[PDB]
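Residue numbers (the authors' numbering), protein chains in the order written: chain d, 2 to 59; chain F, 312 to 362; chain S, 2 to 186; chain I, 23 to 244; chain V, 2 to 160; chain U, 2 to 172.
Cβ coordinates follow ideal geometry from the N, Cα and C atoms, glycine included.
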Amino acid sequence: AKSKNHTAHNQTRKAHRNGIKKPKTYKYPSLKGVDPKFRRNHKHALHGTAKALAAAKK
Amino acid sequence: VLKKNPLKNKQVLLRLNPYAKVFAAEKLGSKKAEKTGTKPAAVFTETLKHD
Amino acid sequence: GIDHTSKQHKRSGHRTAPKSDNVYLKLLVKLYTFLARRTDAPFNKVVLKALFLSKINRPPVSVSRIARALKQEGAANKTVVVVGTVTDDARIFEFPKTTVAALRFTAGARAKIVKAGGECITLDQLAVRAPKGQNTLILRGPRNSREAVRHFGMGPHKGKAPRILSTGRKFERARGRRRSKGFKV
Amino acid sequence: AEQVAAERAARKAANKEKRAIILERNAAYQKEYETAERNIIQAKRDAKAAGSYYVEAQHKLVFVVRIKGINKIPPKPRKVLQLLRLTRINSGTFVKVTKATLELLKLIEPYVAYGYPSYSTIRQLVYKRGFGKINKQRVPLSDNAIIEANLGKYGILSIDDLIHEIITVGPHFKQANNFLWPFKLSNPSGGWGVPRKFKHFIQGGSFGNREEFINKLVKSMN
Amino acid sequence: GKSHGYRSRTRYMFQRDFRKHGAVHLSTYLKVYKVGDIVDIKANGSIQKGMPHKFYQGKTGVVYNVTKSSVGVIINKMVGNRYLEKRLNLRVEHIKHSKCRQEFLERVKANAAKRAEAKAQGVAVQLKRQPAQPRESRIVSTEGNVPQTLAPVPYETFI
Amino acid sequence: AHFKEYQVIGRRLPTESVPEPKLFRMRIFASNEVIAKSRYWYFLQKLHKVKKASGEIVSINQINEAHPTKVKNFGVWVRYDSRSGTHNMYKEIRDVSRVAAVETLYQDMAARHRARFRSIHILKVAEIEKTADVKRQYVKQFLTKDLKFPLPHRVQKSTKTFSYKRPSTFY
RNA sequence: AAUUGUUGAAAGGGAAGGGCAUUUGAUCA
RNA sequence: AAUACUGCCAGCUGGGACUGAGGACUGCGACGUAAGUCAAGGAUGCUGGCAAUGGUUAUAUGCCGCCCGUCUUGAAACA
RNA sequence: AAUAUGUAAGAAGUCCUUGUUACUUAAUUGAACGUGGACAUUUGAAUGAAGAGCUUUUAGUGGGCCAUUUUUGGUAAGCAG
RNA sequence: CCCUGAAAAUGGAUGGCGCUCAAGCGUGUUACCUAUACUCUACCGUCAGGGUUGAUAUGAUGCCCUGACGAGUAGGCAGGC
């Protein structure tokens, strides 16, 4: 009793019933996979500029 | 409550287009053009019948 | 026929009129519907829409949260509006004078406001004093802080609170959570 | 409470002023139309007389009607039809001629008939089956007040102004066309004139570009 | 059985062009890559380290990470009924700059220059592009260009 | 349909490299201007490297017969694609106008060789001004002096489905 | 109710039964 | 000059069929110098006949109409 | 080649000045994040959009077939793929 | 175009009757008939956009205005006997 193995029919219609959605983008992207040294120095620089801004403008 | 068709009801046509009265008065739908006469050039005349 | 580009006879997806059978709530909903229909202030429409929210969509607002909101610049002389229930927080010690309008008030929170020097009014009184919502500030509680939303969206490499009954050792801490017994999540 | 007469008189005065402006603008538009038509005719005459040929500018406006049902349609042509606002059979829309619009029409040519419209058929279409889109509703256009209210920001305030914007593509032609609901026409009164519609015009059918021949079909269907 | 590997069916894809084998020209290594730059991906057969997969050949992506000799590219891959982001690190060799973005910066600079110069007087800046509008009217003169009559040729049986 | 002669003059799109492109004129028998232009373009992109996207029509006009009330003999050279190959023919028609002659030729070919309008190509239409170069007997037989031929077996048309008298086919 | 006998009414050229509209017969506000 | 063909008329008019929804006024227009009128955000006036029309059922006529439920890509099946 | 296919066609942008870093550079030399400041008609190609985005739950489904075109096995098949 | 090639078993299929300057064959032009298709109108239901506590007067889940749509197995939801 053989049976049909594989077919791509109606798959495109099934995927298009719920429209294919582009990923939601944000102003600040994820910081994973980035160079650890760059991330550490970015953290230090961010702390420094936050402190400078707090000291300057209150 | 009901849509009346322009070009068949004169009241609605005049309401939509106030210029319709002037158009009808001046008979602008049948205007005689200027009686100007120009003759085609011999080149075009020969090209028309050139076989 | 029409080659429809969208679902036919589809509902708006929003809740019109409360699902509850609270007579007082329906009366308040009617009053705020009248306001939002015969006025132009978006505050009335926002309050009317929030009045239809469910219990899970209407989390309680604490007196500490009210004080934190009023601590903002220029918010001291404002009327707090909570569409729901206002609870009492024992972790705070100094409550400034204010005017909070909410549907239901916890006894402890009401006592705290009365002792501080404020008053507890209802939505009808708030509408009477400010028909257009002048000098008001709307407060909403944390909606994602419920314990039932942590389990939502569970999947590998997500860490989304697997649905369990008991907690401790040998309860979903074996293979599938450690690298020593195969794979980690 | 006796000020009703005062508001009535003020409303009448404002309406009369508005009608005066409408009449002046309509007269100007009619004069421009006559001048343009006569200028084209005499330009052709001088080109013929001076031993030359007058190459007319390509038409910038077309009318496209759907002559195919909503069944057995490939997905890309179906999407193009939806973007062109042709979801019912015997539905027509106006299209400004550009490269993008020409390539769009070349894709759904098998299911539509399009051609260059004339002022007379444009006016007849707008007068008879002219419907606007206000609050996502098909409100019929039986007065210039609605047109002015929904299009006064673009300088269009009357049905004649809308017709002018349709015939002559201008700065606000896109908004003028978007404001108008697609025209739902009926089957031709005198018939399609061909035994098989789903064949090209050169091949003897309604499918394909009809150029100036679209006017007769549009008036028969309207 | 069946074979679906990391380099399956890439015989004509991961292959150097005709008369273009050997080492790589010393220009790719001198290109500066920064975060946010849009680059294209084209695998090179000489270098087999950091080679991209078959799907990511010819795709265009933004740069999000900079390493010693590599950059990270974010590529939107369509799986099922959604687009998923893929952060893949590739060597400099199998990556080239995209000229569409450069044309965009050039158009932006010209856009700002025109916005300054034209608005110095304030008349019809028309900063937006337009498609190919239909041709206007024109007049052709048959002075030395008399139209020649053309007729279909008879069928011929040339061999 | 009722064929009409349209002469179309066209040219390539002007370029800065080659200003004032050459103009090509062709006469086509077609039902309408759209069909005439389509046939003009199709014939042009068979002898010259041109296309509709890389060209334009500078003129199109309708040719009317100079003397449509005079009976003429026309010789038409045609090339057509049959069920097996392409063949060239020369047919002689007798008609008062070129459009009528080519319509008769089209009907003749579609009825006798099963060639459709997509198959018949009009190579050339000419008028034989001397009644001595005609080489077809079916045309020569109608040029004889003092031509009198009767119409035997005349068939009448009745407006009623029943007739009370036996019909007669005299004439 | 299935089934059966009489009375009263209708139909019946190798089926009956139904729907779209009407004539005729019986009955009905 | 006329005529054939195409396109336009905010040119006129003859004949026939379907429809009468809405229910004191609200608006947009026209005529009328002005009263007032109108074919202008959905039909009224007059007159005639009866106090048969029409509802249910049976037969007849023109057309259409395969046996209910399940299995199945496929049922009415000689499943 | 055609068809099919990715990316860009802007305010999450561009430009001027200069604050931070434990990154880097011979070096205030580059990189990131910034503060202040300038550019709203025509916000940067056309068209469209009973609005778009996001979360929870779950019924049934996991034997298909046929039609145009491309095409495998087979001589062919209302054959299989 | 037609003819020989061209022979299968109950009695039968351009549906048949039948048709011969066809009612057969190719092409060209008009008129005519119709789908639950298209345009308008009347009614029902659904959805969307709104008005209506200035009342004696009640059902603001009530009333009214405008626009669009209405197929369907398994299955889901809602309103009702």
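{"Check": "Hey, which unbroken runs of the alpha helix (DSSP H) at 4 residues or more fall wholly within the stretch 13-89 of chain S?", "Outcome": "24-39, 43-52 and 64-71"}
{"Check": "Within its chain, find whatever has a CB closer than 7 Å to the CB of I185 of chain I; leave out the 5 residues flanking it on each side and keep chain order.", "Outcome": "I144, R145 and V148"}
{"Check": "Step through the CB atoms of chain V and report whether any lies within less than 9 Å of the CB of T349 of chain F.", "Outcome": "no"}
{"Check": "Which bits of chain F does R41 of chain I rub up against, with CB to CB less than 7 Å?", "Outcome": "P329"}
{"Check": "Per DSSP, which one or two residues make a beta bridge with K185 of chain S?", "Outcome": "S:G177 and S:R178"}
{"Check": "Quick one: using the 10 Å Cβ neighbour count with 16 as the cut-off for buried, is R232 of chain I buried or exposed?", "Outcome": "buried"}
{"Check": "Taking the straight line between their C-alpha atoms, what separation do you get for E187 of chain I and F195 of chain I?", "Outcome": "6 Å"}
{"Check": "Need the endpoints of the beta strand (DSSP E) that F96 of chain S sits in, please.", "Outcome": "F96 of chain S -> no beta strand (DSSP E), and no H or E assigned at all."}
{"Check": "Considering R151 of chain I, what are the terminal residues of the alpha helix (DSSP H) in which it resides?", "Outcome": "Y141 to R151"}
{"Check": "Give a yes or no on whether the minimum CB-CB distance between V40 of chain V and chain I is below 9 Å.", "Outcome": "no"}
{"Check": "Buried or exposed, going by whether 16 or more other CB atoms sit within 10 Å of the CB of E56 of chain I?", "Outcome": "exposed"}
{"Check": "Return the residue from the list V:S138, V:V154, V:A111 and V:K32 that minimises the CA-CA distance to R130 of chain V.", "Outcome": "V:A111"}
{"Check": "Could you tell me how far apart the beta carbons of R17 of chain V and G46 of chain V are, in whole angstroms, since I believe they sit closer than 8 Å?", "Outcome": "5 Å"}
{"Check": "Under 8 Å, with one C-beta from each stretch per pair, do the stretch 19-28 of chain d and the stretch 106-126 of chain I reach the 3-pair mark?", "Outcome": "no"}
{"Check": "Quick check: what's the CA-CA separation for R40 of chain U versus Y136 of chain I?", "Outcome": "20 Å"}
{"Check": "If we ignore side chains and look at the alpha-carbon of each, how far apart do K15 of chain d and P96 of chain I end up?", "Outcome": "16 Å"}
{"Check": "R13 of chain U CB to nearest chain I CB: under 9 Å?", "Outcome": "no"}
{"Check": "Which chain V residues sit within Cβ distance under 7 Å of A56 of chain d?", "Outcome": "By Cβ distance, chain V contributes nothing, its closest Cβ being about 29 Å from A56 of chain d, past 7 Å."}
{"Check": "Using a C-beta cutoff of 9 Å, does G20 of chain d count as contacting chain V?", "Outcome": "yes"}
{"Check": "Specify, as a first and last residue, the run of the alpha helix (DSSP H) that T61 of chain V falls within.", "Outcome": "Segment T61 to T68 is the beta strand (DSSP E) holding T61 of chain V; no alpha helix (DSSP H) there."}
{"Check": "What is the DSSP secondary structure of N237 of chain I, reduced to helix, strand or coil?", "Outcome": "helix"}
{"Check": "Can you name the start and end residues of the beta strand (DSSP E) that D82 of chain U belongs to?", "Outcome": "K73 to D82"}
{"Check": "How is the beta strand (DSSP E) around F30 of chain U delimited, first residue to last?", "Outcome": "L24 to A31"}
{"Check": "Return the first residue and the last residue of the beta strand (DSSP E) that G226 of chain I is part of.", "Outcome": "That residue, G226 of chain I, is in no beta strand (DSSP E); it is neither H nor E in DSSP."}
{"Check": "Got a sec: is the Cβ-Cβ distance from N146 of chain V to anything in chain d below 9 Å?", "Outcome": "no"}
{"Check": "Whole angstroms is fine: what's the gap from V62 of chain S's alpha carbon to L140 of chain S's?", "Outcome": "7 Å"}
{"Check": "Using a 10 Å radius around the Cβ and a threshold of 16 neighbouring Cβ atoms, would you call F153 of chain S buried or exposed?", "Outcome": "exposed"}
{"Check": "At a Cβ threshold of 9 Å, is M110 of chain U touching chain V?", "Outcome": "no"}
{"Check": "List, in order along the chain, the chain V residues whose C-beta lies closer than 7 Å to that of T120 of chain I?", "Outcome": "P132, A133 and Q134"}
{"Check": "CB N58 of chain S to CB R144 of chain S, shorter than 9 Å?", "Outcome": "yes"}
{"Check": "Just list the residues that DSSP pairs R105 of chain S with in beta bridges.", "Outcome": "S:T86"}
{"Check": "If you measure from the beta carbon of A353 of chain F to each beta carbon in chain I, is any gap under 9 Å?", "Outcome": "yes"}
{"Check": "As a quick exercise: from U:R113, U:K141, U:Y91 and U:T145, pick the residue whose alpha carbon is nearest that of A127 of chain U.", "Outcome": "U:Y91"}
{"Check": "Is there contact here, the stretch 48-59 of chain U with the stretch 87-103 of chain U, by at least three beta-carbon pairs under 8 Å?", "Outcome": "no"}
{"Check": "Report the residues of the stretch 81-110 of chain V with a CB closer than 9 Å to any CB of chain d, ordered along the chain.", "Outcome": "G81, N82, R83, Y84, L85, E86, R88 and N90"}
{"Check": "Would you mind reading off the limits of the beta strand (DSSP E) that contains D41 of chain V?", "Outcome": "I39 to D41"}
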